[PDB]
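**Student:** Sequence below, structure please.
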Amino acid sequence: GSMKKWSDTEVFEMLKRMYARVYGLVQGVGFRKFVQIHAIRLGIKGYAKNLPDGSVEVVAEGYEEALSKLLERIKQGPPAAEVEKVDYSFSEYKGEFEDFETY
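**Tutor:** Numbering: from 1, shown residues only. Pasting the structure now:
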């Protein structure tokens, strides 16, 4: 058996801005709302700026464990619309948004 041991990965401080550019007919339907439920559940900040032009940008902001959860959610469970080409971009946070709301 083992003798040495170590632990790693626990929620502490800071979080990364996940830019998520969602394309397609995701306008109208509760796409940005669905992203809200999980984001809120997992303690994510940002804003879901559904400019009514097919191409809605989201500036969600997550840690690691909470990141992977909110990420794995979206792709796994697509919106109730014809998502055309959801091309997200892992970025970094300039600053934290005051909670997370939808346009």
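**Student:** What is the burial count for the closest residue to residue 63 other than its chain neighbours?
**Tutor:** Nearest in space to residue 63, with sequence neighbours left out and distances taken as C-beta to C-beta, 6 or more residues apart in numbering, is residue 15 at 4.6 Å. Placement of C-beta: from N, CA and C, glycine included. Per other C-beta atoms under 10 Å, the neighbour tally for residue 15 reads 18.
**Student:** Could you do residue 54 as well?
**Tutor:** Count around residue 54 with other C-beta under 10 Å applied: 13.
**Student:** Which secondary structure state does the spatially most central residue of the chain sit in?
**Tutor:** Among the residues of the chain, the one closest to the centroid is residue 60, at 4.5 Å (C-alpha atoms, centre = their mean). Assigned with DSSP: H, G, I helix; E, B strand; the rest coil, residue 60 falls in the strand class.
**Student:** just residue 21 next, same as before
**Tutor:** Under three-state DSSP, residue 21 falls in the strand class.
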